[PDB]
Every structure is written in C-alpha cells, then in structure tokens.
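Engineer: So here's start-v4.pdb, just PDB, C-alpha atoms:
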ATOM      1  CA  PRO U  18     -14.278 104.192  83.942
ATOM      2  CA  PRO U  19     -17.717 102.587  84.535
ATOM      3  CA  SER U  20     -18.483 102.217  80.822
ATOM      4  CA  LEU U  21     -15.155 100.388  80.382
ATOM      5  CA  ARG U  22     -15.258  98.099  83.422
ATOM      6  CA  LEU U  23     -16.311  94.483  82.810
ATOM      7  CA  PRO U  24     -16.895  92.536  86.016
ATOM      8  CA  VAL U  25     -17.134  89.254  84.114
ATOM      9  CA  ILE U  26     -13.630  89.597  82.680
ATOM     10  CA  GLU U  27     -12.245  90.575  86.065
ATOM     11  CA  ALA U  28     -14.028  87.662  87.732
ATOM     12  CA  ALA U  29     -13.848  84.928  85.118
ATOM     13  CA  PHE U  30     -10.786  85.544  82.890
ATOM     14  CA  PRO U  31      -7.597  85.485  85.045
ATOM     15  CA  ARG U  32      -4.642  87.104  83.304
ATOM     16  CA  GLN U  33      -1.795  84.948  82.050
ATOM     17  CA  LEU U  34       1.643  86.124  80.971
ATOM     18  CA  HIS U  35       4.228  84.354  78.832
ATOM     19  CA  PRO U  36       7.521  84.139  80.807
ATOM     20  CA  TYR U  37       9.483  85.494  77.819
ATOM     21  CA  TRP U  38       7.821  88.917  78.275
ATOM     22  CA  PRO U  39      10.905  90.865  79.428
ATOM     23  CA  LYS U  40      13.126  89.708  76.548
ATOM     24  CA  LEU U  41      10.190  90.197  74.167
ATOM     25  CA  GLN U  42      10.038  93.946  74.840
ATOM     26  CA  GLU U  43      13.818  94.465  74.544
ATOM     27  CA  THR U  44      14.114  92.455  71.362
ATOM     28  CA  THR U  45      11.141  94.130  69.663
ATOM     29  CA  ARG U  46      12.521  97.562  70.538
ATOM     30  CA  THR U  47      15.837  96.529  68.988
ATOM     31  CA  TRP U  48      14.099  95.213  65.881
ATOM     32  CA  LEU U  49      12.073  98.374  65.373
ATOM     33  CA  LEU U  50      15.276 100.459  65.587
ATOM     34  CA  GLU U  51      17.292  98.126  63.356
ATOM     35  CA  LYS U  52      14.601  98.214  60.640
ATOM     36  CA  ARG U  53      14.239 101.991  61.071
ATOM     37  CA  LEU U  54      10.461 101.549  61.228
ATOM     38  CA  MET U  55       9.870 104.629  63.384
ATOM     39  CA  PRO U  56      12.060 107.289  64.997
ATOM     40  CA  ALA U  57      13.663 106.583  68.389
ATOM     41  CA  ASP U  58      11.164 108.609  70.447
ATOM     42  CA  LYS U  59       8.244 106.738  68.882
ATOM     43  CA  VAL U  60       9.926 103.344  69.261
ATOM     44  CA  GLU U  61      10.696 103.970  72.965
ATOM     45  CA  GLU U  62       7.113 105.046  73.538
ATOM     46  CA  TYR U  63       5.771 101.923  71.787
ATOM     47  CA  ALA U  64       8.013  99.358  73.471
ATOM     48  CA  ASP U  65       8.807 101.036  76.781
ATOM     49  CA  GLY U  66       6.107 103.601  77.486
ATOM     50  CA  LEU U  67       2.997 101.706  76.458
ATOM     51  CA  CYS U  68       4.755  98.309  76.495
ATOM     52  CA  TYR U  69       2.663  97.014  73.575
ATOM     53  CA  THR U  70       4.520  93.718  73.431
ATOM     54  CA  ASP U  71       2.627  92.700  76.595
ATOM     55  CA  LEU U  72      -0.490  92.373  74.430
ATOM     56  CA  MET U  73       1.123  89.410  72.642
ATOM     57  CA  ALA U  74       2.743  88.050  75.831
ATOM     58  CA  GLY U  75      -0.677  87.910  77.478
ATOM     59  CA  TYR U  76      -2.240  86.107  74.485
ATOM     60  CA  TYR U  77      -0.061  83.399  72.871
ATOM     61  CA  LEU U  78       0.714  81.474  76.063
ATOM     62  CA  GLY U  79       2.892  78.452  75.422
ATOM     63  CA  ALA U  80       4.444  79.781  72.186
ATOM     64  CA  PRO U  81       8.083  78.923  71.658
ATOM     65  CA  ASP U  82      10.180  82.064  72.314
ATOM     66  CA  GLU U  83      11.082  82.414  68.633
ATOM     67  CA  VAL U  84       7.436  82.225  67.553
ATOM     68  CA  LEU U  85       6.340  84.755  70.150
ATOM     69  CA  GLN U  86       9.131  87.123  69.050
ATOM     70  CA  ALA U  87       8.167  86.769  65.394
ATOM     71  CA  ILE U  88       4.551  87.563  66.344
ATOM     72  CA  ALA U  89       5.458  90.564  68.477
ATOM     73  CA  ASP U  90       7.645  92.000  65.717
ATOM     74  CA  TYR U  91       4.888  91.456  63.135
ATOM     75  CA  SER U  92       2.399  93.047  65.502
ATOM     76  CA  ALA U  93       4.767  96.004  66.019
ATOM     77  CA  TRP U  94       5.060  96.290  62.228
ATOM     78  CA  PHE U  95       1.212  96.265  62.030
ATOM     79  CA  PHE U  96       1.094  99.199  64.436
ATOM     80  CA  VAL U  97       3.506 101.139  62.209
ATOM     81  CA  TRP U  98       1.547 100.283  59.076
ATOM     82  CA  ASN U  99      -1.654 101.549  60.704
ATOM     83  CA  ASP U 100       0.061 104.793  61.555
ATOM     84  CA  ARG U 101       1.264 105.146  57.960
ATOM     85  CA  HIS U 102      -2.268 104.373  56.705
ATOM     86  CA  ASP U 103      -3.754 107.047  58.968
ATOM     87  CA  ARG U 104      -1.123 109.578  57.878
ATOM     88  CA  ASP U 105      -1.747 108.770  54.192
ATOM     89  CA  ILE U 106      -5.458 109.287  54.791
ATOM     90  CA  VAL U 107      -5.141 112.554  56.737
ATOM     91  CA  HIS U 108      -2.863 114.032  54.088
ATOM     92  CA  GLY U 109      -4.586 112.471  51.072
ATOM     93  CA  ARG U 110      -1.540 110.616  49.735
ATOM     94  CA  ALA U 111      -3.589 108.426  47.394
ATOM     95  CA  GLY U 112      -0.537 107.767  45.239
ATOM     96  CA  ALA U 113       1.779 106.712  48.058
ATOM     97  CA  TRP U 114      -0.953 104.556  49.563
ATOM     98  CA  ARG U 115      -1.783 102.738  46.317
ATOM     99  CA  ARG U 116       1.914 102.042  45.775
ATOM    100  CA  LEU U 117       2.366 100.711  49.296
ATOM    101  CA  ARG U 118      -0.797  98.645  48.924
ATOM    102  CA  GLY U 119       0.585  96.983  45.792
ATOM    103  CA  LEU U 120       4.070  96.518  47.246
ATOM    104  CA  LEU U 121       2.655  94.751  50.355
ATOM    105  CA  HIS U 122       0.767  92.282  48.145
ATOM    106  CA  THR U 123       3.959  91.573  46.247
ATOM    107  CA  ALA U 124       6.183  91.242  49.290
ATOM    108  CA  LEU U 125       3.672  88.967  51.063
ATOM    109  CA  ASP U 126       4.122  86.464  48.208
ATOM    110  CA  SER U 127       7.902  86.837  47.928
ATOM    111  CA  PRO U 128       9.298  88.377  51.149
ATOM    112  CA  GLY U 129      12.826  87.385  50.110
ATOM    113  CA  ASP U 130      12.892  89.821  47.207
ATOM    114  CA  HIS U 131      11.948  92.719  49.478
ATOM    115  CA  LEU U 132      14.160  92.429  52.540
ATOM    116  CA  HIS U 133      16.185  95.515  51.615
ATOM    117  CA  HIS U 134      13.465  97.650  50.036
ATOM    118  CA  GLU U 135      13.930 101.431  49.791
ATOM    119  CA  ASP U 136      10.653 101.801  51.723
ATOM    120  CA  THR U 137      11.636 100.610  55.208
ATOM    121  CA  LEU U 138       7.989  99.804  55.982
ATOM    122  CA  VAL U 139       7.994  97.274  53.133
ATOM    123  CA  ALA U 140      11.366  95.919  54.129
ATOM    124  CA  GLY U 141      10.183  95.447  57.734
ATOM    125  CA  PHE U 142       7.066  93.681  56.478
ATOM    126  CA  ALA U 143       9.094  91.312  54.345
ATOM    127  CA  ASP U 144      11.347  90.469  57.272
ATOM    128  CA  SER U 145       8.445  89.722  59.639
ATOM    129  CA  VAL U 146       6.581  87.667  57.053
ATOM    130  CA  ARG U 147       9.697  85.691  56.091
ATOM    131  CA  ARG U 148      10.177  84.822  59.727
ATOM    132  CA  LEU U 149       6.535  83.782  60.251
ATOM    133  CA  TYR U 150       6.853  81.484  57.195
ATOM    134  CA  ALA U 151       9.603  79.424  58.822
ATOM    135  CA  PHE U 152       7.494  77.701  61.477
ATOM    136  CA  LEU U 153       4.813  75.613  59.724
ATOM    137  CA  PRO U 154       4.309  73.851  56.325
ATOM    138  CA  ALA U 155       3.724  75.845  53.137
ATOM    139  CA  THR U 156      -0.028  75.121  53.406
ATOM    140  CA  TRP U 157      -0.172  77.257  56.545
ATOM    141  CA  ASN U 158       1.971  79.948  54.859
ATOM    142  CA  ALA U 159      -0.425  80.097  51.902
ATOM    143  CA  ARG U 160      -3.408  80.437  54.239
ATOM    144  CA  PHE U 161      -1.716  83.297  56.125
ATOM    145  CA  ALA U 162      -0.990  84.940  52.760
ATOM    146  CA  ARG U 163      -4.540  84.532  51.478
ATOM    147  CA  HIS U 164      -5.855  86.034  54.704
ATOM    148  CA  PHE U 165      -3.380  88.912  54.637
ATOM    149  CA  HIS U 166      -4.126  89.793  51.004
ATOM    150  CA  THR U 167      -7.682  90.241  52.218
ATOM    151  CA  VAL U 168      -6.598  92.478  55.072
ATOM    152  CA  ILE U 169      -4.613  94.718  52.689
ATOM    153  CA  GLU U 170      -7.658  95.143  50.437
ATOM    154  CA  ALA U 171      -9.830  96.017  53.433
ATOM    155  CA  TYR U 172      -7.351  98.751  54.379
ATOM    156  CA  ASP U 173      -7.787 100.053  50.838
ATOM    157  CA  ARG U 174     -11.579 100.174  51.296
ATOM    158  CA  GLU U 175     -11.116 102.091  54.542
ATOM    159  CA  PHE U 176      -8.727 104.437  52.763
ATOM    160  CA  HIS U 177     -11.360 105.377  50.188
ATOM    161  CA  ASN U 178     -14.144 105.587  52.786
ATOM    162  CA  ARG U 179     -12.223 107.875  55.093
ATOM    163  CA  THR U 180     -10.664 110.121  52.461
ATOM    164  CA  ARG U 181     -14.082 110.692  50.916
ATOM    165  CA  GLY U 182     -15.768 111.161  54.312
ATOM    166  CA  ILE U 183     -18.001 108.092  53.977
ATOM    167  CA  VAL U 184     -19.141 106.513  57.243
ATOM    168  CA  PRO U 185     -19.838 102.800  56.669
ATOM    169  CA  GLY U 186     -23.213 101.414  57.762
ATOM    170  CA  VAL U 187     -23.246  99.375  60.953
ATOM    171  CA  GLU U 188     -23.375  95.963  59.274
ATOM    172  CA  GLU U 189     -20.860  97.113  56.649
ATOM    173  CA  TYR U 190     -18.509  98.221  59.417
ATOM    174  CA  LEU U 191     -18.734  94.935  61.388
ATOM    175  CA  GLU U 192     -17.761  93.036  58.243
ATOM    176  CA  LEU U 193     -14.959  95.406  57.267
ATOM    177  CA  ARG U 194     -13.531  95.572  60.825
ATOM    178  CA  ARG U 195     -13.180  91.784  60.940
ATOM    179  CA  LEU U 196     -10.754  92.328  58.098
ATOM    180  CA  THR U 197      -8.877  95.508  59.128
ATOM    181  CA  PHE U 198      -8.517  94.212  62.701
ATOM    182  CA  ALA U 199      -7.119  91.085  61.049
ATOM    183  CA  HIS U 200      -9.291  88.585  62.981
ATOM    184  CA  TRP U 201      -8.198  85.639  60.892
ATOM    185  CA  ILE U 202      -4.492  86.481  61.081
ATOM    186  CA  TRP U 203      -4.438  86.336  64.905
ATOM    187  CA  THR U 204      -6.476  83.148  64.567
ATOM    188  CA  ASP U 205      -3.923  81.655  62.139
ATOM    189  CA  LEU U 206      -1.098  82.606  64.498
ATOM    190  CA  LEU U 207      -2.589  80.341  67.196
ATOM    191  CA  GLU U 208      -1.173  77.408  65.259
ATOM    192  CA  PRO U 209       2.568  78.176  65.162
ATOM    193  CA  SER U 210       2.106  79.151  68.801
ATOM    194  CA  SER U 211       0.972  75.613  69.671
ATOM    195  CA  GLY U 212       3.310  73.979  67.154
ATOM    196  CA  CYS U 213       0.640  72.449  64.951
ATOM    197  CA  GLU U 214      -1.040  73.312  61.653
ATOM    198  CA  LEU U 215      -4.624  72.193  62.248
ATOM    199  CA  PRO U 216      -6.459  70.331  59.454
ATOM    200  CA  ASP U 217      -9.315  72.249  57.831
ATOM    201  CA  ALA U 218     -11.917  69.902  59.338
ATOM    202  CA  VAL U 219     -10.631  70.702  62.818
ATOM    203  CA  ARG U 220     -10.314  74.466  62.571
ATOM    204  CA  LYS U 221     -13.592  74.677  60.648
ATOM    205  CA  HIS U 222     -15.479  72.734  63.333
ATOM    206  CA  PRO U 223     -18.260  75.129  64.371
ATOM    207  CA  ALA U 224     -17.234  75.199  68.066
ATOM    208  CA  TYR U 225     -13.609  76.006  67.252
ATOM    209  CA  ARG U 226     -14.563  78.574  64.590
ATOM    210  CA  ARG U 227     -17.167  80.359  66.705
ATOM    211  CA  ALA U 228     -14.865  80.469  69.770
ATOM    212  CA  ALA U 229     -12.106  81.882  67.541
ATOM    213  CA  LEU U 230     -14.369  84.549  66.077
ATOM    214  CA  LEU U 231     -15.874  85.676  69.408
ATOM    215  CA  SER U 232     -12.372  86.140  70.864
ATOM    216  CA  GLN U 233     -11.581  88.591  68.033
ATOM    217  CA  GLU U 234     -14.971  90.287  68.164
ATOM    218  CA  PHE U 235     -14.386  91.148  71.811
ATOM    219  CA  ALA U 236     -10.911  92.564  71.075
ATOM    220  CA  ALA U 237     -12.149  94.704  68.188
ATOM    221  CA  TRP U 238     -15.381  95.938  69.817
ATOM    222  CA  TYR U 239     -13.796  96.579  73.217
ATOM    223  CA  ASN U 240     -11.093  98.604  71.391
ATOM    224  CA  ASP U 241     -13.855 100.650  69.729
ATOM    225  CA  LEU U 242     -15.589 101.022  73.116
ATOM    226  CA  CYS U 243     -12.452 102.429  74.769
ATOM    227  CA  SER U 244     -11.736 104.907  71.983
ATOM    228  CA  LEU U 245     -15.183 106.170  70.938
ATOM    229  CA  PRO U 246     -15.472 109.221  73.288
ATOM    230  CA  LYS U 247     -12.133 110.722  72.276
ATOM    231  CA  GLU U 248     -12.679 109.928  68.593
ATOM    232  CA  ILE U 249     -12.380 112.918  66.296
ATOM    233  CA  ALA U 250     -15.705 113.822  64.680
ATOM    234  CA  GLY U 251     -16.937 112.560  62.506
ATOM    235  CA  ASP U 252     -16.934 111.261  58.931
ATOM    236  CA  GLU U 253     -13.228 110.532  58.500
ATOM    237  CA  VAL U 254     -12.744 107.875  61.209
ATOM    238  CA  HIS U 255     -14.064 104.277  61.488
ATOM    239  CA  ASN U 256     -15.544 103.126  64.847
ATOM    240  CA  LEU U 257     -18.654 101.014  65.498
ATOM    241  CA  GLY U 258     -19.888 103.794  67.774
ATOM    242  CA  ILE U 259     -19.593 106.366  65.009
ATOM    243  CA  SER U 260     -21.460 104.212  62.512
ATOM    244  CA  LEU U 261     -24.259 103.942  65.104
ATOM    245  CA  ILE U 262     -24.343 107.686  65.750
ATOM    246  CA  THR U 263     -24.276 108.426  62.017
ATOM    247  CA  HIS U 264     -26.696 105.800  60.714
ATOM    248  CA  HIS U 265     -28.977 105.182  63.702
ATOM    249  CA  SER U 266     -29.328 108.743  65.031
ATOM    250  CA  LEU U 267     -27.912 107.675  68.413
ATOM    251  CA  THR U 268     -26.345 110.055  70.923
ATOM    252  CA  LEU U 269     -22.812 109.335  72.105
ATOM    253  CA  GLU U 270     -24.081 107.881  75.367
ATOM    254  CA  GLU U 271     -26.571 105.664  73.564
ATOM    255  CA  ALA U 272     -23.884 104.419  71.177
ATOM    256  CA  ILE U 273     -21.556 103.632  74.049
ATOM    257  CA  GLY U 274     -24.450 101.602  75.472
ATOM    258  CA  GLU U 275     -24.958  99.680  72.239
ATOM    259  CA  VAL U 276     -21.256  98.926  71.838
ATOM    260  CA  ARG U 277     -21.004  97.759  75.454
ATOM    261  CA  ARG U 278     -24.069  95.482  75.041
ATOM    262  CA  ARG U 279     -22.432  93.865  71.997
ATOM    263  CA  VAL U 280     -19.195  93.432  73.943
ATOM    264  CA  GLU U 281     -21.024  91.679  76.757
ATOM    265  CA  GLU U 282     -22.899  89.426  74.331
ATOM    266  CA  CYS U 283     -19.493  88.410  72.942
ATOM    267  CA  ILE U 284     -18.211  87.457  76.372
ATOM    268  CA  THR U 285     -21.302  85.529  77.385
ATOM    269  CA  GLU U 286     -21.509  83.692  74.059
ATOM    270  CA  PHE U 287     -17.800  82.843  74.306
ATOM    271  CA  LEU U 288     -18.280  81.341  77.784
ATOM    272  CA  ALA U 289     -20.953  79.046  76.321
ATOM    273  CA  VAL U 290     -19.181  78.000  73.136
ATOM    274  CA  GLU U 291     -15.752  77.649  74.743
ATOM    275  CA  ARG U 292     -17.095  74.689  76.680
ATOM    276  CA  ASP U 293     -18.163  73.031  73.379
ATOM    277  CA  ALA U 294     -14.769  73.755  71.840
ATOM    278  CA  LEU U 295     -12.980  72.132  74.809
ATOM    279  CA  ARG U 296     -15.315  69.139  74.536
ATOM    280  CA  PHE U 297     -14.319  68.858  70.877
ATOM    281  CA  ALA U 298     -10.642  69.033  71.946
ATOM    282  CA  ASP U 299     -11.209  66.002  74.239
ATOM    283  CA  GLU U 300     -13.060  64.136  71.482
ATOM    284  CA  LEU U 301      -9.996  64.484  69.227
ATOM    285  CA  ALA U 302      -8.011  62.486  71.769
ATOM    286  CA  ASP U 303      -9.219  59.256  70.182
ATOM    287  CA  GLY U 304      -6.496  57.151  71.795
ATOM    288  CA  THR U 305      -3.832  57.567  69.095
ATOM    289  CA  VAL U 306      -0.629  59.602  69.254
ATOM    290  CA  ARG U 307      -1.833  61.881  66.482
ATOM    291  CA  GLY U 308      -5.174  62.352  68.249
ATOM    292  CA  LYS U 309      -3.328  63.335  71.413
ATOM    293  CA  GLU U 310      -1.300  65.910  69.500
ATOM    294  CA  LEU U 311      -4.383  67.504  67.842
ATOM    295  CA  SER U 312      -6.288  67.455  71.119
ATOM    296  CA  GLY U 313      -3.501  69.283  72.945
ATOM    297  CA  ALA U 314      -3.141  71.841  70.142
ATOM    298  CA  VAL U 315      -6.869  72.681  70.077
ATOM    299  CA  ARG U 316      -6.945  72.914  73.873
ATOM    300  CA  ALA U 317      -3.947  75.267  73.823
ATOM    301  CA  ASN U 318      -5.482  77.427  71.059
ATOM    302  CA  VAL U 319      -8.845  77.634  72.840
ATOM    303  CA  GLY U 320      -6.987  78.603  76.032
ATOM    304  CA  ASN U 321      -5.328  81.397  74.062
ATOM    305  CA  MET U 322      -8.647  82.518  72.592
ATOM    306  CA  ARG U 323      -9.665  83.002  76.223
ATOM    307  CA  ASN U 324      -6.365  84.686  77.146
ATOM    308  CA  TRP U 325      -6.917  87.333  74.411
ATOM    309  CA  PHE U 326      -9.897  88.637  76.387
ATOM    310  CA  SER U 327      -7.915  89.362  79.524
ATOM    311  CA  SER U 328      -4.801  90.469  77.631
ATOM    312  CA  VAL U 329      -6.801  93.104  75.787
ATOM    313  CA  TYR U 330      -8.837  94.151  78.830
ATOM    314  CA  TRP U 331      -5.941  94.638  81.279
ATOM    315  CA  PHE U 332      -3.745  96.281  78.626
ATOM    316  CA  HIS U 333      -6.317  99.054  78.232
ATOM    317  CA  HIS U 334      -6.679  99.467  81.996
ATOM    318  CA  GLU U 335      -2.963  99.563  82.770
TER
END
For this file, write the structure as structure tokens.
Structural biologist:
Amino acid sequence: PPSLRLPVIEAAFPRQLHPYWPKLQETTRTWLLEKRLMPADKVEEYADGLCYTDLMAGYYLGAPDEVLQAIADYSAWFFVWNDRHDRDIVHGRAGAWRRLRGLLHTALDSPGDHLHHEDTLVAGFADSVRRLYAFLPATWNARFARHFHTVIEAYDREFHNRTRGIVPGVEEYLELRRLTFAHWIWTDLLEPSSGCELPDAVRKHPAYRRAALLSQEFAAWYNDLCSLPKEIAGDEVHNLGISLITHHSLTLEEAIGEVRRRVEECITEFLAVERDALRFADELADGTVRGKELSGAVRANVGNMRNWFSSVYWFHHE
C-alpha cells in the first residue's frame, strides 16, 4: 500500500529478531490461557494468528530470555486491557471502568495483594508487574510505577473523550497519545533488557531522550497511519488522522498525507540524533569498568530504539 510503504525503513533499518522468538510465542500463549485473560479463540488468534509476540522479539534485542518473556506477557496483557477499555467505552460501562481504573492503580503499587483477584484482568496485571519488578533496583520499579500511573489516567481521559464524542485537538492528541501508547514504559523497559538501570543524568541526556522519544513517535504515528482509513467515523475514536479531519477540515487523503509527513520527519530526525546518542555512548566509556558498562548499556538501548522502527514496520506488513 503506497501510503504505508517507507523506502527509508526498508533501506536503512534492517530487521533483527531475538533468538528466543519461538519459545516466546508458546509461553505467552500458555500464560494468556493460564490467567484466563481472553477466551481460547482470541488467545490463539493473538499468539498464533497475528503472532504479536514478534513485535517484542524484534525490539528488545539482547534481553535475557526471562526479561523478554516478562515484557511479552505484559505487552499481551496491555492488548487485553485495551480491548476491555474499548468495550467499556462502546457499551458505556462508566462504573466498571472507574473500578478497574482504581484497581490498576492499587495493584501497580502492591501487585502481591492482587495476584488472585476476582477480576482476571487485574490478576494478570499484578502477575506481569510483579515479574517486571524482579529485574532491577526499587528505584527503577518506582519509575515504572510513576509512569504507569500516568498511563492509567490518560486512558481515563480517553474514556471520557470517547464516551462523550469529543475529538481531541491535534496538539492535545499528540500529548495524550504519548501517554496511552505508553511511550515512557517501552523506554523504561530498555533498561532491564540491557541489564542496567541508567542514572537520571544519562537517560535525561538530550541525545538519549530525543532518540528514545522519536522511536516511540514513529511507532504511534505509523500505527495511526495504518489504521486511519478503516477507522470507524467519527467522534468516538482517537487517531491523529481523525483529529486532523475534525479540527483542520482536512479530507481523508489530506490527513493521510499529513500523518505520513510527520512519520517521515520522525525517521529522518531519528537518523540524525541517533548518531549523537551513539557518540554519547562512546563518551561514557571513560576508561573505567563502570564507564564500560554504562557505555554498552546505552549503545544496546539506542540499538533497540532503532530496532523498534523495523519491528513495527514489518509487523504491519506481514
């Protein structure tokens, strides 16, 4: 599909695949069934039909197998939560949504108290979170939590928008989508994948931070690009293209053009800033053992920021 083809990705971002990929799919399918997160037909479709675990296998290269599996299971949980959210919206279950919203905040802080919750979606959350908390120091766990609390609240904003038929302005949508897509969660997960919690001064370096953000922007905006045409009109669904059509009087074709332009700007800016981020990685190798460790971690994470582009792109195409 010409609107969806990106010659730069095909030329410049060779696909990578974590060797654990076959076991990843089997184990995630088993986990989804064990936690009763979705019925069998839906679980088989997710793991075996669309093979969603490949998205993670093409992203977090170098992760230990246990970390990758924890990420894939969390990402599978996230898919199920999004489905629940959409269903709550379509059927107006404000009460069930508010309850879930509050339960997820509570379980994020104390997963242990929620492993056997009556709501299997909450129990599955608690199990994934508990597992993700076992890899790095509590400082990383608290950052993941702070970021995820923010994601939950953004889902609540989208709930009220969509149920009341409010289409967010373009700039309002960009900001919200950074939260509902969970940009900063996938960014956080780079660190257990490379075995190192990065100090604030390192991950807040402007080359690292901008590289990290652009990687997520591409994923989110390319997703919106792929799905815009077949989106259901028109006020009760969030998509950059729809905000443009609604608030900028664009036609569908024009909006597709604007979303694609933004996507390409993301790729070309990433190519420029990635080089700065890799230079920073080298600069961290100041001769010491610790410097070598940090340098390798940043280099690995920046490599994965790049891998996300091709993982996302080829997943949509295949």
Engineer: For this structure, which residues satisfy the selection - the PyMOL selection byres ((chain U and resi 292) around 12) - when it is evaluated on the file as given? I want them as a PyMOL selection string.
Structural biologist: chain U and resi 224-225+227-228+285-291+293-299+316+319-320+323
Engineer: Can you work out which one of U:102, U:264, U:236, U:274 has the shortest atom-to-atom distance to residue 331 (chain U), counting all atoms listed in the file?
Structural biologist: U:236
Engineer: Could you please determine the separation between CA of residue 46 (chain U) and CA of residue 117 (chain U) in Å, to one decimal place?
Structural biologist: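 Computed distance, CA of residue 46 (chain U) to CA of residue 117 (chain U), equals 23.8 Å.
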Engineer: Which residues would end up in the selection if the PyMOL selection byres ((chain U and resi 281-284) around 12) were applied here, given that I need the answer as a PyMOL selection string?
Structural biologist: chain U and resi 20-27+29-30+227-239+242+274-280+285-291+322-323+325-327+330
Engineer: Nearest to residue 34 (chain U) among U:142, U:77, U:91, U:69, with distances taken over all atoms listed in the file: which residue is it?
Structural biologist: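 Of U:142, U:77, U:91, U:69, the one nearest residue 34 (chain U), counting all atoms listed in the file, is U:77.
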Engineer: What gap, in Å, lies between CA of residue 111 (chain U) and CA of residue 93 (chain U)?
Structural biologist: 23.9 Å
Engineer: So how far away is CA of residue 253 (chain U) from CA of residue 116 (chain U), in Å?
Structural biologist: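 Here the two named atoms are 21.5 Å from each other.
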Engineer: Rank U:128, U:19, U:75, U:36 by their smallest atom-to-atom distance to residue 162 (chain U), using all atoms listed in the file, and report the top residue only.
Structural biologist: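 Checking each of U:128, U:19, U:75, U:36 against residue 162 (chain U), counting all atoms listed in the file, the winner is U:128.
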Engineer: Determine the residue membership of the PyMOL selection byres ((chain U and resi 174) around 12) for the file above and supply it as an NGL selection string.
Structural biologist: :U and (102 or 106 or 114-115 or 118 or 167-173 or 175-181 or 183-185 or 189-190 or 192-194 or 196-197 or 255)
Engineer: Between U:43, U:58, U:217, U:90, which is the closest to residue 148 (chain U) once you count all atoms listed in the file?
Structural biologist: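 Of all the options, U:90 lies closest to residue 148 (chain U).
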Engineer: Which protein, DNA or RNA residues have an atom at most 10 Å from (-5.5, 86.0, 60.0), counting all atoms listed in the file? List them as an mmCIF file with C-alpha atoms, in the coordinates of the input.
Structural biologist:
data_model
loop_
_atom_site.group_PDB
_atom_site.id
_atom_site.type_symbol
_atom_site.label_atom_id
_atom_site.label_comp_id
_atom_site.auth_asym_id
_atom_site.auth_seq_id
_atom_site.Cartn_x
_atom_site.Cartn_y
_atom_site.Cartn_z
ATOM 1 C CA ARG U 160 -3.408 80.437 54.239
ATOM 2 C CA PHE U 161 -1.716 83.297 56.125
ATOM 3 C CA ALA U 162 -0.990 84.940 52.760
ATOM 4 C CA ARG U 163 -4.540 84.532 51.478
ATOM 5 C CA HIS U 164 -5.855 86.034 54.704
ATOM 6 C CA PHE U 165 -3.380 88.912 54.637
ATOM 7 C CA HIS U 166 -4.126 89.793 51.004
ATOM 8 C CA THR U 167 -7.682 90.241 52.218
ATOM 9 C CA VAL U 168 -6.598 92.478 55.072
ATOM 10 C CA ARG U 195 -13.180 91.784 60.940
ATOM 11 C CA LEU U 196 -10.754 92.328 58.098
ATOM 12 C CA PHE U 198 -8.517 94.212 62.701
ATOM 13 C CA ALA U 199 -7.119 91.085 61.049
ATOM 14 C CA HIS U 200 -9.291 88.585 62.981
ATOM 15 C CA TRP U 201 -8.198 85.639 60.892
ATOM 16 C CA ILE U 202 -4.492 86.481 61.081
ATOM 17 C CA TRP U 203 -4.438 86.336 64.905
ATOM 18 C CA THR U 204 -6.476 83.148 64.567
ATOM 19 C CA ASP U 205 -3.923 81.655 62.139
ATOM 20 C CA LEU U 206 -1.098 82.606 64.498
ATOM 21 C CA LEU U 207 -2.589 80.341 67.196
#
